[PDB]
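One structure below.
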Amino acid sequence: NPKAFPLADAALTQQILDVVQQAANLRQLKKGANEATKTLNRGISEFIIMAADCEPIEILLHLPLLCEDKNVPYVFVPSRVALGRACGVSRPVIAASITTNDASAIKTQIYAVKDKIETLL
Amino acid sequence: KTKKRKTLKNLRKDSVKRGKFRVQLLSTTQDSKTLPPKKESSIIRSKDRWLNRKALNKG
Amino acid sequence: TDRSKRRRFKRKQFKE
Amino acid sequence: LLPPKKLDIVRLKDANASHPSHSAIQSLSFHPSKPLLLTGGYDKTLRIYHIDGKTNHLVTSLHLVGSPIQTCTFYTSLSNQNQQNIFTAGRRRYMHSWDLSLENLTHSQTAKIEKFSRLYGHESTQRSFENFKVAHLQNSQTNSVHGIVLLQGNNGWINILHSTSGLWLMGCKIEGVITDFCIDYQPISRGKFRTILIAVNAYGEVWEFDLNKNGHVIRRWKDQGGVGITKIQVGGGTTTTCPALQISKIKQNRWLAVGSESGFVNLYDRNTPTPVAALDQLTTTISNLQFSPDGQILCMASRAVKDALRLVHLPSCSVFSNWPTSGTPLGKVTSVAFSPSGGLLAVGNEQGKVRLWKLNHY
Amino acid sequence: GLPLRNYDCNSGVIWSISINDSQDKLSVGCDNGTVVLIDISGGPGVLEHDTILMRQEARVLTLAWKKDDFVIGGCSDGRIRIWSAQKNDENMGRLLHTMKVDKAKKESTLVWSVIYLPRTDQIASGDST
Amino acid sequence: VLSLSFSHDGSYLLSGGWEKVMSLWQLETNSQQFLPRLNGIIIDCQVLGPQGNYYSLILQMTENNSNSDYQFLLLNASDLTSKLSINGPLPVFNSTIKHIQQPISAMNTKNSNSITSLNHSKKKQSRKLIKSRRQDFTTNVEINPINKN
RNA sequence: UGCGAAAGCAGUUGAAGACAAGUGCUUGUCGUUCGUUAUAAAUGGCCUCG
Numbered sequence: 005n006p007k008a009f010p011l012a013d014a015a016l017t018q019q020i021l022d023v024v025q026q027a028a029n030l031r032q033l034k035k036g037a038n039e040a041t042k043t044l045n046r047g048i049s050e051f052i053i054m055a056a057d058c059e060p061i062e063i064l065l066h067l068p069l070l071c072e073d074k075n076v077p078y079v080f081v082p083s084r085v086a087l088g089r090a091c092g093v094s095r096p097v098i099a100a101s102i103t104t105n106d107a108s109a110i111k112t113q114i115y116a117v118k119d120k121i122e123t124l125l
Numbered sequence: 156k157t158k159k160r161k162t163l164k165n166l167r168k169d170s171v172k173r174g175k176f177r178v179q180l181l182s183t184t185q186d187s188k189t190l191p192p193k194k195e196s197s198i199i200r201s202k203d204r205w206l207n208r209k210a211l212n213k214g
Numbered sequence: 156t157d158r159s160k161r162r163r164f165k166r167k168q169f170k171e
Numbered sequence: 227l228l229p230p231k232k233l234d235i236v237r238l239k240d241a242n243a244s245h246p247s248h249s250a251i252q253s254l255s256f257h258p259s260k261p262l263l264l265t266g267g268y269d270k271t272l273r274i275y276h277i278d279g280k281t282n283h284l285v286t287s288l289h290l291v292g293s294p295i296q297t298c299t300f301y302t303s304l305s306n307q308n309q310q311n312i313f314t315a316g317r318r319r320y321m322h323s324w325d326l327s328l329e330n331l332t333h334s335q336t337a338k339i340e341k342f343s344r345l346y347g348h349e350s351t352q353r354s355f356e357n358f359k360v361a362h363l364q365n366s367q368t369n370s371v372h373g374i375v376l377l378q379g380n381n382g383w384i385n386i387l388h389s390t391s392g393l394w395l396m397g398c399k400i401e402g403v404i405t406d407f408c409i410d411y412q413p414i415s416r417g418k419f420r421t422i423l424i425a426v427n428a429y430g431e432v433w434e435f436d437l438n439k440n441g442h443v444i445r446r447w448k449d450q451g452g453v454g455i456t457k458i459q460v461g462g463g464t465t466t467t468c469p470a471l472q473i474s475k476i477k478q479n480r481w482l483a484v485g486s487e488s489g490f491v492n493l494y495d496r497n504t505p506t507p508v509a510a511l512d513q514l515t516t517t518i519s520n521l522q523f524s525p526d527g528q529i530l531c532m533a534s535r536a537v538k539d540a541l542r543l544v545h546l547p548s549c550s551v552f553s554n555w556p557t558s559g560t561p562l563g564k565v566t567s568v569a570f571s572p573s574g575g576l577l578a579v580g581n582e583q584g585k586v587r588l589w590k591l592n593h594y
Numbered sequence: 131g132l133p134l135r136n137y138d139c140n141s142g143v144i145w146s147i148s149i150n151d152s153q154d155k156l157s158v159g160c161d162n163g164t165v166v167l168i169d170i171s172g173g174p175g176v177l178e179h180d181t182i183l184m185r186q187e188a189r190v191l192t193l194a195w196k197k198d199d200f201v202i203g204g205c206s207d208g209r210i211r212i213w214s215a216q217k218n219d220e221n222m223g224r225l226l227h228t229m230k231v232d233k234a235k236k237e238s239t240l241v242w243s244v245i246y247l248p249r250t251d252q253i254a255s256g257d258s259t
Numbered sequence: 300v301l302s303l304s305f306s307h308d309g310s311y312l313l314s315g316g317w318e319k320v321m322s323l324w325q326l327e328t329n330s331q332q333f334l335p336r337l338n339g340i341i342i343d344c345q346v347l348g349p350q351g352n353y354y355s356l357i358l359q360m361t362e363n364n365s366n367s368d369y370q371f372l373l374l375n376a377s378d379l380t381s382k383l384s385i386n387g388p389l390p391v392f393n394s395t396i397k398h399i400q401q402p403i404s405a406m407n408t409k410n411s412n413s414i415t416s417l418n419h420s421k422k423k424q425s426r427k428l429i430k431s432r433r434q435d436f437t438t439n440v441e442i443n444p445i446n447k448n
């Protein structure tokens, strides 16, 4: 999985997999690659999460190109089955996006995570 | 005497604002080469206050 | 961005 | 071997009809040998019931003022079979013990109760004794065996105390928040066995400590696809639900099951690991994970919603279909217990009801 | 007795410096949590940059190595961190593990010093607590 | 330090002395727990049980210089509470009797004897009991009319 | 240490042996004896159960 880059590290993934969980609870999570593409085009995404273990990996490799075009941070997590479980579904999710909402109750840590991803990038 | 002291600070001042401009004096090349660069304080002053914390009771 | 600098600045400073 | 998909069960009378409980049932415990049941809860009372399946009368009751009961368990010394003890705890900075040896259980007018409240300088790591389990430790250097009381720390800490004297022996640490732990025994030779502490973090990293070597880590691995892990258990050998009576009875567990908030239960064969199966028949956080004494049945239950209890056949990893039914009354499951023998399943709910079933195959 | 060569780390201001077993590379800890590897095998007065390890938001107060493969760093966020420095390894610079020290409740916790123990393959850490 | 004793496994060390405090030294970490406040200084200390369930301690009550006042305490190791306290009558005589000697301490005091002071004090006590004529050894005692205690 | 009140009135604190240190000699010591009524100081402070 050399191309999946930057790949979040074992500590980081919890803070990533943590935030996505509440976002699913609060309906601020867009899940699945195609939904992520929508959010970038409309520019309603804080940042986007991808799974490196995907096969064949390229399917999400279009998302980054759209990401730096829009100056949106992005990061890779090792496991897709882990991601979908965090999304709150019975199927593995390869890509997920957090919806923009400055009035959200989970607002602070999302941007705290966003900063860490920005440093990672 | 205070006027003399203020005179030093003007000489010490290496940058001044001219209208929309601020012009900066350029230091000599030798001053950099002979000695290592000055320490930045915020990085160091932090260590000193930590070693001299109240809860420590250095007293 | 302006706030994030403050959040980063506040986080790095030691809390006494 | 029981059938894979068909399970032959008959319901019996409820246990607490003799004396109902006024609060939820936080835990259950079977006496290792005697036909007795222990029940405890926020009523602050350790109600013990003589289980027979036709009367289930109450033997004795013990109220503990100011001690809400979060868990309770029997304890029998592996060497001294005469020794009988009950350890109970709650959201408090102390633990109670009750000696059941000799005539204390029934004949004695008063109950010999003592309180553990001393951690010997490790007080910071621990805030409450509510989550605890009891295991058997072999001192190889002397070949003596004694009990140990295990606790959950504030920051990945596991405090190990001595069963009777209460002394602090050793401590184990993991990164992140400790969620659950379970104990596995590995026999070495005749009269020799080692105790292994298995601890798991929410992320899914699993630590394995050698409590016979000052609790040093011996193996580290991750639960595949594990996030939000909630409970961990082993099956197929000796354990808290299926304790041993003598050293030779010690046996290693072959099954390992991992719960999660999502409601999945991941199963591993103890004989990075790749899971055998990923059970999904519950859709809420796994609140109880327990195996049958022979390790042929796995029971998963969740307290989030009513009737969220399932039984898995092993090694088929197929959930039984005939049961539970819609008419099966389970309510908000909060406690599960397997008898050491006689194939009896006991399930508690929030309403204070312990309802009883018999595994006809056993 | 004069400065032979002045080299800019090109990062946050430096807290700590450490040298490897082979004495060919210097690891430099920064305020910005960046750890910079500086090659020195070229010669006396020859300081060159090898690699940057990933960027994290805590300071790097101390540094020591395990042979030439791993860099251990104590951080101002009360955590100890191992980076992989192996050449020819896909996990280069890779933060393999993180440890968290017990943190003072009312106070920020700092890992001031860390040292590696070759005989026992152990890390000894000193903290503000 | 007057009493030292190892635990059965060897992971704990019991110490007691003039401080009136029993100390459990936790040896893996050199931590220490304290059972202070005991009646007498600790002459002896032991772990008494197959599993270290109880501690047996010997107390002295040095305040009474006339007689050596021994008190035997058996403590439940689980909670460090008095399982059994044993002592006889504790009269305070006007002067020392027979061969009662004060316990050793760092310095010679009214309630203790230094290292050198022991032999001289023993000889002096014997020769006082032999040559001197004032031998009161009398104690005040009282009896309760209502309870006869 | 004796007597006495609590104040005080009288009287003591010797000799041998062994060890250590310094330089046969000097000094200091004694889990050594005989006889007379006869400074300290290894950084080392007291538990928890609302």
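Chains as they are written, first to last, in the UniProt record's numbering: chain R, 5 to 125; chain Z, 156 to 214; chain X, 156 to 171; chain H, 227 to 497, 504 to 594; chain A, 131 to 259; chain S, 300 to 448.
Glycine included, each C-beta is placed from N, C-alpha and C at the ideal position.
Pick from the options that is closest to residue i, judged by C-alpha positions
i: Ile396 of chain S; options: S:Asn386, S:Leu417 and S:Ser425; result: S:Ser425
i: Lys197 of chain A; options: A:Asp180, A:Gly159 and A:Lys155; result: A:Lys155
i: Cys408 of chain H; options: H:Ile473, H:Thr456 and H:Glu329; result: H:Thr456
i: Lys231 of chain H; options: H:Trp555, H:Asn581, H:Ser571 and H:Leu577; result: H:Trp555
i: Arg433 of chain S; options: S:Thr361, S:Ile385, S:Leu334 and S:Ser394; result: S:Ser394
i: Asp495 of chain H; options: H:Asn438, H:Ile404, H:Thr566 and H:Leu546; result: H:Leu546
i: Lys477 of chain H; options: H:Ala337, H:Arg319 and H:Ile422; result: H:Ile422
i: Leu323 of chain S; options: S:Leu383, S:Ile399 and S:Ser304; result: S:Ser304
i: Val178 of chain Z; options: Z:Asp169, Z:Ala210, Z:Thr189 and Z:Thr184; result: Z:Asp169
i: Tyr354 of chain S; options: S:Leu389, S:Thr328 and S:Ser384; result: S:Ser384
i: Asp512 of chain H; options: H:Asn479, H:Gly451 and H:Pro525; result: H:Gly451
i: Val440 of chain S; options: S:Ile357, S:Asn363 and S:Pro388; result: S:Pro388
i: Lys585 of chain H; options: H:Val432, H:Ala241 and H:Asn357; result: H:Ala241
i: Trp481 of chain H; options: H:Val460, H:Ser259 and H:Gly489; result: H:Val460
i: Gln400 of chain S; options: S:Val391, S:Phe392 and S:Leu417; result: S:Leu417
i: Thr156 of chain X; options: R:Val85, R:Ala107 and R:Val76; result: R:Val76
Element boundaries [beta strand (DSSP E), containing residue i]
i: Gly266 of chain H; result: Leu262 to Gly266
i: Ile357 of chain S; result: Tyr353 to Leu358
i: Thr405 of chain H; result: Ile404 to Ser415
i: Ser330 of chain S; result: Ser330 to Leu334
i: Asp106 of chain R; result: Careful: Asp106 of chain R lies outside any beta strand (DSSP E) and carries neither H nor E.
i: residue 294 of chain S; result: Past the edges of chain S, shown from 300 to 448, lies residue 294 of chain S, and the structure says nothing about it.
Residue range of the unbroken alpha helix (DSSP H) whose run includes residue i
i: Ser197 of chain Z; result: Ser196 to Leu206
i: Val117 of chain R; result: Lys111 to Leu124
i: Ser159 of chain X; result: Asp157 to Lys167
i: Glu39 of chain R; result: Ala37 to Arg46
### Query
Is the number of C-beta pairs between the segment 335-344 of chain S and the segment 371-385 of chain H that are closer than 8 angstroms three or more?
no
### Task
Scan the segment 68-89 of chain R for residues whose Cβ lies nearer than 7 angstroms to a Cβ of chain X and list them as they occur along the chain.
none
### Query
Where in the UniProt repeat "WD 2" (132-169) of chain A do unbroken runs of the beta strand (DSSP E), each at least 3 residues long, occur, reported from the N-terminal end onward?
144-149 and 155-160
### Query
For the 8 angstroms Cβ check, are there 3 or more pairs between the segment 44-62 of chain R and the segment 7-22 of chain R?
Yes: at least three Cβ pairs fall under 8 angstroms.
### Task
Name, going along the chain, the residues of the segment 371-403 of chain H whose beta-carbon falls closer than 7 angstroms to a beta-carbon of chain A.
So the list reads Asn381 and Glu401, given in the order they occur along the chain.
### Message
For the pair the segment 371-379 of chain S and the segment 237-245 of chain A, tell me if three or more CB-CB distances fall below 8 angstroms.
### Response
The count of Cβ pairs closer than 8 angstroms, one atom from the segment 371-379 of chain S and one from the segment 237-245 of chain A, stays below three, leaving the stretches out of contact.
### Query
Is the number of C-beta pairs between the segment 251-270 of chain H and the segment 288-303 of chain H that are closer than 8 angstroms three or more?
yes
### Task
Compile a chain-ordered list of the residues in the segment 219-230 of chain A whose CB is closer than 9 angstroms to at least one CB of chain H.
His227, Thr228, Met229 and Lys230
### Sufficient close CB pairs (3 or more, under 8 angstroms) joining the segment 514-534 of chain H to the segment 478-487 of chain H
yes
### Message
Which runs of the alpha helix (DSSP H) at least 4 residues long sit entirely within the segment 160-201 of chain Z? Give them in chain order.
### Response
184-189
### Message
Check whether the segment 34-53 of chain R and the segment 91-103 of chain R are in contact - that is, three or more C-beta pairs closer than 8 angstroms.
### Response
Contact between the segment 34-53 of chain R and the segment 91-103 of chain R is present, because at least three Cβ pairs lie under 8 angstroms.
### Query
Between the segment 102-115 of chain R and the segment 32-41 of chain R, are three or more C-beta pairs nearer than 8 angstroms?
yes
### Message
What are the residues in the UniProt repeat "WD 2" (132-169) of chain A lying within 8 angstroms of chain Z by C-beta distance?
### Response
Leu132, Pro133, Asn136, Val143, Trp145 and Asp161
### the segment 362-392 of chain S: positions lying closer than 8 angstroms to chain H by Cβ
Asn375, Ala376, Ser377, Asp378 and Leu379
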